[PDB]
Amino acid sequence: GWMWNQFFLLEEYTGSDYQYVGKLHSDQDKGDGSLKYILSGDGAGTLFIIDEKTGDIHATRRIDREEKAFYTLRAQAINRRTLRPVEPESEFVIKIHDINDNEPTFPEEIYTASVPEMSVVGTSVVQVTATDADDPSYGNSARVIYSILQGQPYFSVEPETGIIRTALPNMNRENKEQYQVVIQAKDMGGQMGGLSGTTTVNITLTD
């Protein structure tokens, strides 16, 4: 069973006028206006509106997918004069499509970790993980890549995991005892036009 009864609406619309969703219609409609398409259900009448003669649906408000990604509504074509149904009260869904409008975010502004002095290069210090509220199942709007803004060449970060590792030998605890590392998490695969978030990792060398 093909699943056609759904409309796809792009989120965060900013046009001057209302956003066009689609047109409900029955093949029985001859265009004489004797049919009255009514909209009912979640948001019907307010957020979403229908032109009861043609079936064209519009959205009156700017929709945010990260706040709600689906809307379930019901459609009914009726005989305008007798209120006798022509088609059955079919259920349809308005899928809110995603745009990259959420920057990667770490749970804490500052991490705290340690690593023994004189650790071999590539020793694991801490693994930072940023989240992205966009849709992972579509595009790179939520594919996060990690980079080190501050802390080189002493440290490195695995771009795909966020694992911070020591990158140099002979990191004397006597010489320097606390390093400060900044990590960037940029979405869109970490490429041009992607949104980014940062965090600070305070590291301490131990004995």
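One-based numbering along the sequence shown.
Requested in this report: Could you settle it for me: does 161-169 or 24-32 have the higher average Cα B factor in the PDB entry?
Outcome: The stretch with the larger average C-alpha B-factor is 24-32.
Query raised in the report: Looking at the deposited entry, does 14-22 or 181-189 carry the larger mean Cα B-factor?
Result: Taking the mean B-factor of the alpha carbons in each, 14-22 is higher.
Query raised in the report: Among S119, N102, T131, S90, which residue carries the highest C-alpha B-factor recorded in the PDB entry?
Result: Reading the PDB entry, the winner on C-alpha B-factor is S90.
Query raised in the report: If you compare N140, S40, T60, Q152, which has the highest Cα B-factor in the entry?
Result: Most elevated C-alpha B-factor of the set, per the entry: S40.
**Report entry** Chain-relative CA temperature factor third for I110
**Finding:** Within its chain, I110 is a middle-third residue by C-alpha B-factor, going by the deposited values.
Report task. For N202, return the chain-relative third of its C-alpha B-factor as stated in the PDB record: lowest, middle or highest. Result -> Lowest third.
Query raised in the report: Can you tell me which third, lowest, middle or highest, the CA B-factor of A75 falls into for its chain?
Result: It falls in the top third of the chain.
**Report entry** Ranked C-alpha temperature factor of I145 among modelled chain residues, by third
**Finding:** Its C-alpha B-factor belongs to the lowest third of this chain's values.
Report task. Using the B-factors in the PDB entry, rank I96's C-alpha atom against the chain and give the third, lowest, middle or highest. Result -> As the PDB entry reports it, the C-alpha B-factor of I96 lands in the middle third of its chain.
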